[PDB]
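**Student:** Take a look at this one; I'll ask things after.
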Amino acid sequence: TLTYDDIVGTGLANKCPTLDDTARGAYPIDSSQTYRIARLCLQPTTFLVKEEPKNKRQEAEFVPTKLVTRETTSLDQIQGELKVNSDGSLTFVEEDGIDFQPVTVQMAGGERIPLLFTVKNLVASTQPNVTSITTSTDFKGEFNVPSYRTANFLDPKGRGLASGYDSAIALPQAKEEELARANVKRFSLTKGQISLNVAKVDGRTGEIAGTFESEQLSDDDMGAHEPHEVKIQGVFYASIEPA
Amino acid sequence: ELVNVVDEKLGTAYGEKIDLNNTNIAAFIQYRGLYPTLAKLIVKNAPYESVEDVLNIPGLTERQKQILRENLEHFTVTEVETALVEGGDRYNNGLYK
Amino acid sequence: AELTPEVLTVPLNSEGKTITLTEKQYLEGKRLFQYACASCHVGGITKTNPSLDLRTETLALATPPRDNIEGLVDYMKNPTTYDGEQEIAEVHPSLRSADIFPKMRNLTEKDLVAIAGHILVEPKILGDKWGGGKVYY
Amino acid sequence: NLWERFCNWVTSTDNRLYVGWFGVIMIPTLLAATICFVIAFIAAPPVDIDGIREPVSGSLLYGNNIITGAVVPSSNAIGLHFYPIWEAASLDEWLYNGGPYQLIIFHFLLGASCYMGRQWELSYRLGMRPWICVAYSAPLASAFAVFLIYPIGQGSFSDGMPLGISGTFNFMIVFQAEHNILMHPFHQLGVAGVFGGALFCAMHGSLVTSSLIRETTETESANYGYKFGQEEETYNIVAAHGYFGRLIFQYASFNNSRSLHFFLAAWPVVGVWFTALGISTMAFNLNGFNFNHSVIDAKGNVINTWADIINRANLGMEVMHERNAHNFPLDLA
Amino acid sequence: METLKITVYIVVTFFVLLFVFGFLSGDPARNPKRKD
Amino acid sequence: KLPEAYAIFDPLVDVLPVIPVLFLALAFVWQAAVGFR
Amino acid sequence: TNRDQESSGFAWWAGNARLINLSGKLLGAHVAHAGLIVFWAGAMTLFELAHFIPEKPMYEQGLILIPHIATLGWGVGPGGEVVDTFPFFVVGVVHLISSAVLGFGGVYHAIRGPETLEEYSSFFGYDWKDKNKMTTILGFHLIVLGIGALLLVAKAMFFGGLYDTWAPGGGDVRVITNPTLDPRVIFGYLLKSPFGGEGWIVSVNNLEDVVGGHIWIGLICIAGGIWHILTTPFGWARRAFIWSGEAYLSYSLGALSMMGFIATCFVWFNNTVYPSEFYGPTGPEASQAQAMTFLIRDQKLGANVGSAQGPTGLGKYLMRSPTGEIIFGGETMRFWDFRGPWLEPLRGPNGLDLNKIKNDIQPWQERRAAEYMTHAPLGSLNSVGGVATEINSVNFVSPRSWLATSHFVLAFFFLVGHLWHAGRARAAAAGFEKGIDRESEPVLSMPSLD
Amino acid sequence: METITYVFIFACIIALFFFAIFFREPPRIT
Amino acid sequence: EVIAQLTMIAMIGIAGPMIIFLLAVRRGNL
Ligand code: CLA
Ligand code: CLA
Ligand code: CLA
Ligand code: CLA
Ligand code: CLA
Ligand SMILES: CCCCCCCCCCCCCCCC(=O)OC[C@H](CO[C@@H]1O[C@H](CS(=O)(=O)O)[C@@H](O)[C@H](O)[C@H]1O)OC(=O)CCCCCCCCCCCCCCC
Ligand SMILES: CC1=C(/C=C/C(C)=C/C=C/C(C)=C/C=C/C=C(C)/C=C/C=C(C)/C=C/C2=C(C)CCCC2(C)C)C(C)(C)CCC1
Ligand SMILES: CC1=C(/C=C/C(C)=C/C=C/C(C)=C/C=C/C=C(C)/C=C/C=C(C)/C=C/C2=C(C)CCCC2(C)C)C(C)(C)CCC1
Ligand SMILES: CCCCCCCCCCCCO[C@@H]1O[C@H](CO)[C@@H](O[C@H]2O[C@H](CO)[C@@H](O)[C@H](O)[C@H]2O)[C@H](O)[C@H]1O
Ligand code: OEX
Ligand SMILES: [Ca+2]
Ligand SMILES: [Cl-]
Ligand SMILES: [Cl-]
Ligand SMILES: [Fe+2]
């Protein structure tokens, strides 16, 4: 196994552990025993941003973007409880971990889109009547996307939500209504949908791996503009442990 | 319809008492025998429907229950505001000395 | 204004008994405070935990009360958390932990009394500046 | 021989601008830094200097003017890491993280050191005495202090001086907040150096202009009384020495022109040497004098001084600088 | 990026070699008084 | 502290490190005696 | 005598320049100055010991020489605790006595001995323009320096060892039994980049590499000394350099300026040969310690440090480095290349491990983090601890700050001196260091540039 | 129009640099 | 006390100029 001196500076720390091609087995799910997802890694490989059409009737298709925040994108060390429902569906409930990364991607023309790539408070359920994790098992779930900035963030003019000015004090006698959207900061909590598709199972170790696609909203600048719709595709690795 | 939610929360009982669902943990220092054990339990077991539900935290001893009963008059429960509880601001809201 | 014995009179125990420190006691307490405590308790605050300070009201609301000489000396011997439920001598300097905190090795009872007296007298001299931080610098 | 001909051309004193070997290094680096500076100052996208994903706009096309524009220092996430173009995945990532600043400052420092070497080289080729480069070492040390040594001590090229006017002012104010540079004796020596340099510049100019020997009329400019390469002295140093020795007293006046011009060289160069060393020694966090709460009355009340008022201003700058970048009470770097 | 890296390395190596071998090509002799 | 048998030589030790600076100063004194010739 | 301006051509303020062609008096100047250096070493050691409080950390007491002796494994035990102050006393006393001997020799050769050594001896008498003699003297001194490097090796390997801050269980005096003699490892430090995360030879992080590098340096210096005793400068060397006393001085001045800058960076960044038990934490060490301390505090209070979001959207406690490693959040993201013995047990293959952070932080690590946070190398010129806005309570400036600042000043001034003497040696060899000859002005014989 | 003005003034300054260096009054010995 | 340090430093700082004065008095090589 590699140590820190072998990993550092190579970009390998941002990559999920991969499984060999000779892992097509089935990790048996026994309903009586409690199961824990001891590690859940999410490595994004592509970010797509839904272009905003000037005409509302247009199709509004997803456009690829260029990442400018370097190898700072992966979610890792995510743990949770993998409970077995009466349906036989597995359900992962995320307790903690590094479950968020700020990601800025550049669109064509130079428009920078910041987003909080996250799986915070993820509840992800499988197909019904699952007795083993196979290459056909599929997690679909919902998570929370908090505001990209928290309440203590201050804008370039010193305005914020839990701290800072509530007015444009550099324009002391300006009409306040037209500045209202820039003077009142709003904290947005939104919903995101994720689809993990298992493509490799090592039954003896318990290690599953596959691809994922998630959909969420970008940053709204504390309520200053409209967020973009972002689709994040990548690979994932997870470790299923009995209790 | 644009309102600063923190100011509106300051208009409620959050601006007069310790909100069990929203207040940063360090405020529990200002009353005897709460910080850090009882304060950690209170913040961990939040949210609460009523103040008295804080007497239903699993694991409290009798002394801790007596301390909570003594400090119950300083406790309020408002609805959870996202801005005050997101980012771990209940444990560290960036306000040091 | 002078350092009068009324200023140097601080509560000795929790019962209500007091003690009038001498000026030499206050000066030696300030020197020992700079020697052993000021690197984290400069000006009455706590650098490694700003939520707690050394103001007399905060020490009074501690369990057991630490707003007197005997309570402060007991803390310097057996430091606890603010509610008193947990002992923290492994991470706070004490007479117990003089092995790992070597600046507590040669601290006598009179030295602890002097440090406690300095801690209890400095708010009376400085106002809210003691334990108030950079707002009051 | 081709190499011999190239060596003869490089070291030639008949070129309009002297090249020399310090020039064969100096010209490409300075051209690269200048071209990158112009392009970045006009058209660079905003740069995340603090590493906190809050990019700062510095170019003219993105809403700046001449005063407010700058080439923004590289990201705090980069720190002291070397960040060339080929280490970035794309040019958009390179521009987001402040790569042009690193390119410009590294090329400029190399080119300016070779400018000092080139000054020595031309002085040697012309049969001169060689110490003009020693005089130029003071602004060069200042540039090294603000662009390289301060980032090294603070641990990030984000804390280097921005390449712009308002960015320079931001550097000054934050530096005063964190190091109390005004109360540092090396900066006081530097202020003495620059104030004295301006004083002695005006003094020497006014004394030489005062003692100019009449060679013209009131119709023509007095400057036409001097001809380029004339052997005779154009002004009377005896009259100027008499004037200045009556102005203060005789032994305060230089009668040796060589001693006077050595003094003119030596005063601002030594002062700027000391202020560059001040910036470097505050880069290793050896800060200016701290006299906060130094004056104490009989009871123990703090009696404020002017140093405490300075401390209040420094506290204002400290609590407002990089308002989103700090998570912990101490601004350790 | 890789092509640019090798290109810049070649350019820098060329100019540094020019500097080093120029200052090794009898530089003290290139003075107007005592060429020696 | 120093070993106790050296204790009475503690003040002398307290002035020992500044002796080199005096050497520099001594040079000027010598140059003043010969008139800076 | 050559002790005036009329005879020598140098004024009093350049009076040591009168010693250039006077080998005996120049030797006296050098030996007396070496006595001055040894005098400062001994007297400063005795001064530091006389005020030394052994129960207080060395970096809180304004000591720069006692940490050097402690790094050599003399007088210290596990954790850097002082067990015996007598070795410090021995070093200081022996330096003071040797300085008396060297001062006697310097005074004798400066004012009593022969002014030139060439008549008395052909071995000791030298001409600056005699290249063979200069290389011979250089070879003698190279052999001496190699013996000194092997003396450090001998102390590390056979005479008690060195203080290892990376030793298992804690820093302790350890004998180095297996030095790294691999030239790939040793000379891979010289090829390392000086920038962030690489750090060149300043990044040496184990005593095995230190001892192996010193074995290589001692052997190379001895071999080069023998080489220069047995050989004469080649034609390219003879044509590439100026061969005069001021020229050799300028070469040494440039070398010393470079070494001064290297030592400045070494004392500022390295915590292996400058252990933080003795010299205090580095700036990166202190910032990482503050982040670690508040991570521990809020984790004890119940915060999920892996998922806590700071004001900007980055992790309040843990974030990712530009190459993906899990690092401390905040401004100390600039210091993610820091490595320290108190922090390494929590570092996994992908950086800081969340599970070890939740479960394995021992109290000694917390004590170390708090101590290094509150003893950051930040202070005022009048030794006030903390930031520039702090109040006057703490009397502390780190030895790392003092050493780094002083040696940057010295290294810059020695670069200036190198420029001065290199230009002057070139002009004096070329024959126009005293000005332009009026009858033979070179520019007047040049075509115009228009 | 403000960016164009700044760039225009800067370009005129650089052109003046060129003319002052290469098309100066030649200093002549007298 | 402090008077001992002052006496020591006075004796050393006079020992220097005493050497200079003695050499000037007896017309040494000074
Ligand atoms: C490290 C400092 C240092 C050293 C080692 C020297 C050494 C020397 N200088 Mg010198 N110098 C220095 C700094 C130094 N200088 C400075 C700072 C200046 C500027 C002011 C000068 C200006 C200067 C001039 C102008 C000249 C010299 C000359 C000389 C040489 C002959 C000295 C002589 O005949 O004096 C005779 C003086 C005396 C006999 C007076 C007494 C001096 C003694 C040595 C004092 C010893 C004190 C000490 C405590 C004794 C300890 C003894 C104990 C160990 C037993 C001598 C080698 C001369 C030279 O070049 O010779 C050709 C010369 O003309 N120097
Ligand atoms: C090992 C280093 C070294 C050596 C051997 C020399 C040797 C020499 N230098 Mg040189 N120099 C050096 C380093 C060195 N230099 C450095 C680092 C610099 C840059 C600052 C210079 C700058 C320099 C200049 C500008 C000149 C020389 C000159 C000379 C020659 C005569 C020097 C003399 O008589 O001094 C006499 C000594 C003095 C007058 C004393 C100076 C006092 C200093 C500047 C203040 C020190 C302050 C102190 C450290 C802290 C404060 C103390 C407190 C009491 C206030 C001599 C060959 C001269 C020359 O070219 O002759 C051919 C000359 O003009 N040097
Ligand atoms: C590498 C050099 C170096 C370093 C890093 C230190 C570091 C330290 N010394 Mg020390 N010391 C040194 C050399 C050094 N010293 C020398 C040479 C002497 C003999 C005089 C002493 C004598 C000494 C004593 C007696 C004491 C210290 C003390 C201290 C500590 C606190 C210093 C303080 O308060 O600063 C005060 C700051 C200053 C005095 C500022 C000096 C600025 C100078 C003048 C700038 C010079 C610039 C340049 C060289 C001049 C060139 C001019 C140009 C034109 C060419 C600190 C650990 C104290 C301590 O705590 O000891 C335990 C203490 O009591 N030192
Ligand atoms: C770099 C230092 C150095 C150098 C090159 C010289 C060189 C010289 N000295 Mg000198 N000397 C020195 C230091 C030095 N000395 C010191 C420190 C003192 C004080 C004790 C003296 C006292 C002294 C006197 C009193 C006389 C000389 C004389 C001489 C001349 C002839 C000596 C001879 O034949 O030796 C032959 C070789 C030996 C005697 C063997 C010496 C072996 C030594 C002790 C080995 C030491 C080990 C190691 C190499 C040193 C490390 C020291 C380091 C750690 C500091 C010669 C020019 C004589 C002279 O000029 O007459 C006209 C003379 O009368 N010297
Ligand atoms: C104090 C140490 C010292 C000094 C002053 C000298 C001095 C000298 N040596 Mg030398 N030498 C030494 C130690 C030393 N040696 C040791 C220890 C060895 C054994 C390895 C040798 C082996 C040796 C040989 C084999 C030869 C010399 C030669 C020479 C002469 C010419 C030097 C020259 O042009 O190089 C200047 C350097 C160069 C020309 C190399 C190119 C410069 C590059 C571009 C610089 C790159 C470094 C850069 C600054 C970056 C630094 C970091 C980098 C190392 C990664 C000169 C008299 C030559 C001679 O005449 O022999 C009699 C010769 O052929 N030396
Ligand atoms: C996106 C990047 C695009 C960048 C593209 C840039 C390409 C450059 C190629 C341009 C063609 C060359 C034109 C040179 C004009 C010239 O200088 O004539 C003047 C002479 C012409 O050469 C003299 O020419 C003479 C022949 S003749 O006069 O031409 O007939 C010859 O006899 C003599 O030896 C020789 O010295 O030049 C010289 O005197 C010697 C070379 C000195 C000039 C170097 C320029 C310095 C660059 C600036 C560095 C710092 C400044 C930073 C920016 C402010
Ligand atoms: C030439 C010259 C010079 C110089 C000189 C010099 C530099 C010298 C040196 C000198 C020296 C370098 C000296 C030294 C000395 C020393 C001594 C003499 C010592 C002694 C010691 C002792 C006595 C000891 C003691 C002790 C002990 C044992 C322990 C405890 C402590 C005590 C301290 C008590 C000058 C500049 C002036 C100028 C002119 C000339
Ligand atoms: C690992 C290790 C080590 C080791 C190290 C080593 C082994 C080193 C070596 C090093 C080396 C081995 C070095 C070298 C260097 C070099 C240099 C610095 C150079 C210089 C040069 C010059 C100066 C030149 C110049 C020139 C030119 C450029 C051109 C022409 C002219 C002339 C000639 C002038 C130690 C001990 C630390 C310990 C730890 C670890
Ligand atoms: C064990 C031995 C190891 C030896 C390793 C040696 C390493 C360094 C070798 C440096 C070689 C430089 O060699 C140098 O090259 C130039 C280019 O031809 C030669 O030639 C030069 O001579 C004259 C003056 O010298 C110049 O005007 C001319 O333009 C040029 O041809 C120099 O005379 C020679 O000194
Ligand atoms: O980056 Mn630029 O300024 Ca040097 O201190 Mn820390 O870091 Mn940030 O805060 Mn304050
Ligand atoms: Ca599948
Ligand atoms: Cl700012
Ligand atoms: Cl921070
Ligand atoms: Fe003039």
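**Student:** Taking H as built 1.01 Å from N, whose amide H comes closer than 5 Å to the amide H of D:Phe82, not counting residues under 5 places away?
**Tutor:** G:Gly196
**Student:** Kindly express, to the nearest 10 degrees and within the range 0 to 90, the angle between helix G:86-107's C-alpha long axis and the longest C-alpha principal axis of chain G.
**Tutor:** The helix G:86-107 is inclined about 10 degrees to chain G.
**Student:** Based on the Cα gyration tensor of chain D, what are the three equivalent ellipsoid semi-axes, each the root of five times an eigenvalue, rounded to whole Å and given largest first?
**Tutor:** Working: eigenvalues 346, 225, 63 Å².
Three semi-axes, in Å: 42, 34, 18.
**Student:** While we're on this one: P(r) tail for chain G, what percent of Cα pairs lie past 27 Å?
**Tutor:** Working: 65432 of 101025 pairs.
Here the long-distance tail beyond 27 Å is 65 percent of all Cα pairs in chain G.
**Student:** If you don't mind, there's one more thing I want to ask. Only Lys, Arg, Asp and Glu count, each charged at its Cβ (+1, +1, -1, -1), so figure out the dipole size of the protein assembly as shown about its Cα centre, rounded to 20 debye. If you can, show how the numbers build up before the last one.
**Tutor:** Numbers: 104 positive and 136 negative charges, 893 e Å.
Using only the charged Cβ atoms, the result is roughly 4280 debye.
**Student:** Non-local amide H neighbours of C:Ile45 (under 5 Å, H modeled in plane, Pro and chain starts lacking H): which ones?
**Tutor:** Correct list: C:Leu54, C:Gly131.
**Student:** Quick one: Debye curve from the C-alpha atoms of chain C, no solvent, what's log10 I(q)/I(0) at q = 0.12, 0.17, 0.22 Å⁻¹?
**Tutor:** -0.43, -0.91, -1.60
**Student:** If one computes the Cα centroid of the range G:15-93 and of the range G:317-337, what distance in Å separates the two points?
**Tutor:** Between the Cα centre of the range G:15-93 and that of the range G:317-337, the gap is 40 Å.
**Student:** Quick check: net charge around G:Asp353, other residues with Cβ under 10 Å of its Cβ, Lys/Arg +1 and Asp/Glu -1?
**Tutor:** Numbers: positive: G:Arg347, G:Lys356, G:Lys358; negative: G:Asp360.
Local charge sum for G:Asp353: +2.
**Student:** Between C:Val135 and G:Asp127, with labels modelled 7 Å along Cα→Cβ, what's the label distance in nm to one decimal, could you check?
**Tutor:** 8.1
**Student:** Please list the non-local residues whose amide H lies under 5 Å from the amide H of A:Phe117, H modeled 1.01 Å from N, same-chain partners needing a gap of 5 or more.
**Tutor:** Under 5 Å from the amide H of A:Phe117 lie the amide H atoms of A:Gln101, A:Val103, each far enough along the sequence or on another chain.
**Student:** In the range B:1-86, with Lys and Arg counted as +1 and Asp and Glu as -1 at Cβ, which of these residues, B:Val51, B:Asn21, B:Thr37, has the Cα nearest the positive end of the dipole, that is, farthest along it?
**Tutor:** B:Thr37
**Student:** Peptide A:114-123: average number of partner chain Cβ atoms within 10 Å per residue? Numbers along the way, then the final one.
**Tutor:** Details: counts 4, 1, 2, 0, 2, 0, 3, 1, 0, 0.
Mean partner shielding for this stretch: 1.
**Student:** Also: Can you tell me what the convex hull of the Cα atoms of the protein assembly as shown projects to on average, as an area in nm²?
**Tutor:** Numbers: hull surface 263.9 nm².
The directionally averaged projection comes out at 66.0 nm².
**Student:** Quantify how strongly other chains surround peptide C:80-91 by giving the mean number of their Cβ atoms within 10 Å of each of its Cβ atoms. Don't skip to the answer; put the middle values down first.
**Tutor:** On the way: counts 0, 4, 9, 12, 2, 7, 3, 0, 1, 1, 5, 7.
Taking the mean over all residues of the peptide, I get 4.
**Student:** Now for a different question. So, by mean Cβ neighbours within 10 angstrom, what's the order for A:8-16, D:149-157, A:100-108 with the highest one leading?
**Tutor:** Details: A:8-16: 18.7, D:149-157: 25.8, A:100-108: 21.9.
Averaged packing, sorted descending, gives the order D:149-157, A:100-108, A:8-16.
**Student:** Still on this structure, I have one more. Determine ³J(HN,Hα), in whole Hz, for all residues of the range G:385-400 in sequence, where each value follows from phi through the Karplus function 6.51 cos²θ - 1.76 cosθ + 1.60 and θ = phi - 60°; x replaces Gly and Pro.
**Tutor:** These are the phi-based 3J(HN,Hα) values: x, x, 6, 4, 8, 6, 8, 6, 10, 9, 9, 7, 10, 4, x, 4 Hz.
**Student:** When the convex hull of the C-alpha atoms of the range D:52-140 is computed, what volume per residue in Å³ does it have? Let's see the in-between values first.
**Tutor:** Values: hull volume 13.3 nm³, N = 89.
Looking at the range D:52-140, the number lands at 149 Å³ per residue.
**Student:** Can you tell me, using C-alpha contacts under 8 Å and at least 6 residues apart, the relative contact order of chain G as a whole percent? Kindly include the intermediate steps, with their values, before the conclusion.
**Tutor:** Details: 641 pairs, mean separation 70.8, N = 450.
It comes to 16 percent, rounded to a whole number.
**Student:** Order A:74-85, G:3-14 from most to least packed using the mean count of other Cβ atoms within 10 Å. Walk me through the intermediate numbers first.
**Tutor:** Numbers: A:74-85: 20.2, G:3-14: 13.2.
Ranking, from highest mean packing down: A:74-85, G:3-14.
**Student:** Dipole of the range A:115-243, Cα-centred, from +1 at each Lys and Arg C-beta and -1 at each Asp and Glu C-beta, to the nearest 20 debye? Mind dumping the intermediate values first?
**Tutor:** On the way: 13 positive and 17 negative charges, 38 e Å.
Once rounded to the nearest 20, the dipole reads 180 debye.
**Student:** For peptide D:116-123, how many partner chain Cβ atoms fall within 10 Å of a residue's Cβ, on average? Mind dumping the intermediate values first?
**Tutor:** Working: counts 1, 3, 0, 1, 5, 4, 0, 4.
Mean shielding count: 2.
**Student:** Whole angstrom only: what separates the Cα centroid of the range B:20-37 from the Cα centroid of the range A:50-90?
**Tutor:** Computed from Cα coordinates, the inter-centre distance equals 38 Å.
**Student:** Could you tell me the relative contact order of chain D? Use alpha-carbon pairs under 8 Å, at least six residues apart, and round to a whole percent. Please list the in-between numbers first.
**Tutor:** On the way: 450 pairs, mean separation 58.6, N = 333.
Reported as a whole number, the value is 18 percent.
**Student:** Further question: Choose one of G:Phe140, G:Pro57, G:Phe123: the residue whose Cα lies farthest towards the positive end of the charge dipole of the range G:1-154 (beta-carbon charges +1 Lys, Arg; -1 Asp, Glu; about the Cα centre).
**Tutor:** Farthest along the dipole direction, towards plus: G:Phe123.
**Student:** Which one of C:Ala36, C:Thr80, C:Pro93 has its Cα pushed farthest toward the positive end of the charge dipole of chain C, where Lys and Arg give +1 and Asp and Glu give -1 at the Cβ?
**Tutor:** Checked the options; the winner is C:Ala36.
**Student:** Once you order the gyration tensor axes a ≥ b ≥ c over the Cα atoms, which shape class does the range G:281-376 get: rounded for a/c under 1.5, otherwise prolate or oblate by comparing a/b with b/c?
**Tutor:** Working: a/c = 1.28, a/b = 1.14, b/c = 1.12.
Rounded is the answer for the range G:281-376, as its axis ratio a/c remains below 1.5.
**Student:** Moving on to the next point. Whole angstrom only: what separates the Cα centroid of the range D:275-333 from the Cα centroid of the range F:1-28?
**Tutor:** 35
**Student:** What is the diffusion coefficient of the range B:1-86 in µm²/s, taking the Kirkwood radius over Cα pairs and the Stokes-Einstein relation at 20 °C with a viscosity of 1.002 mPa s?
**Tutor:** Values: Rh = 13.3 Å.
Taking Rh from Cα pairs, D becomes 161 µm²/s.
**Student:** Over the range D:33-188, what is the mean sequence separation of C-alpha contacts under 8 Å (at least six apart), divided by residue count, expressed as relative contact order in percent? Walk me through the numbers before you get to the answer.
**Tutor:** Details: 224 pairs, mean separation 38.5, N = 156.
Value for the range D:33-188: 25 percent.
**Student:** Please give the net charge around C:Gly131, taking every other residue with its beta carbon less than 10 angstrom from that of C:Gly131, where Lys and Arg add +1 and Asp and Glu add -1. Could you put the intermediate results ahead of the total?
**Tutor:** Values: positive: B:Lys97, C:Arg55, C:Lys129; negative: C:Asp53, C:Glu57, C:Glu122, C:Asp128.
In short, -1.
**Student:** Right, something else. Work out the length of the dipole vector of chain G about its Cα centre, built from +1 on the beta-carbon of each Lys and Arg and -1 on the beta-carbon of each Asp and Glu, and round it to the nearest 20 debye.
**Tutor:** Details: 30 positive and 36 negative charges, 71 e Å.
With only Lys, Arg, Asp and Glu charged at Cβ, the dipole is about 340 debye.
**Student:** Which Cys residues of the protein assembly as shown have no other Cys beta carbon under 4.7 Å away?
**Tutor:** When partners are defined as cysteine Cβ atoms under 4.7 Å apart, the protein assembly as shown leaves C:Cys37, C:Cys40, D:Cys7, D:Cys36, D:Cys114, D:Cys133, D:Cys201, G:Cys221, G:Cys265, H:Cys12 without one.
**Student:** Kindly provide log₁₀ I(q)/I(0) values, in the same order as q = 0.16 Å⁻¹, from the Debye equation applied to equal alpha-carbon scatterers of the range A:57-146.
**Tutor:** -0.82
**Student:** If you don't mind, there's one more thing I want to ask. Counting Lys and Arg as +1 and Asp and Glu as -1, what is the net charge of the other residues whose Cβ lies under 10 Å from the Cβ of D:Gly20? Walk me through the numbers on the way to the answer.
**Tutor:** Values: positive: D:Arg118, D:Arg125, E:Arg30; negative: D:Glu121, E:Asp27.
Its environment carries a net charge of +1.
**Student:** List, in order, the whole-Hz ³J(HN,Hα) value for each residue of the range G:360-369 obtained from phi through the Karplus relation with A = 6.51, B = -1.76, C = 1.60 and θ = phi - 60°; use x for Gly and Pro.
**Tutor:** 10, 6, 7, x, 5, 5, 5, 4, 4, 5
**Student:** Let me ask something else. Per Stokes-Einstein, at 10 °C and 1.306 mPa s, what whole-number D in µm² s⁻¹ belongs to chain A, with the Kirkwood radius over Cα pairs as the hydrodynamic radius? Can you show the working numbers first?
**Tutor:** Details: Rh = 20.0 Å.
After rounding, the answer is 79 µm²/s.
**Student:** Calculate one ³J(HN,Hα) per residue across the range D:12-29 by plugging θ = phi - 60° into the Karplus curve 6.51 cos²θ - 1.76 cosθ + 1.60, and present them in order as whole Hz with x for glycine and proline.
**Tutor:** Those phi angles translate into 5, 8, 9, 5, 4, 10, 5, 9, x, 6, 4, x, 5, 8, 5, 5, x, 5 Hz.
**Student:** Return an integer: the convex hull volume of the alpha-carbon atoms of the range G:337-450, in Å³ per residue.
**Tutor:** On the way: hull volume 35.2 nm³, N = 114.
Spread over its residues, the Cα hull of the range G:337-450 gives 308 Å³ apiece.
**Student:** Next up: Ranked highest first by the average count of other Cβ atoms within 10 Å around their residues, in what order do D:266-273, F:29-36 fall? Provide the component values of the computation, followed by the final result.
**Tutor:** On the way: D:266-273: 19.6, F:29-36: 13.6.
Result, highest mean first: D:266-273, F:29-36.
Methodologically, a virtual Cβ is constructed for each residue, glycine included, from the backbone with ideal geometry; neighbour enumeration extends over all protein chains shown. Every number in this text was worked out from the coordinates using simple rules, so none of it is lab data.
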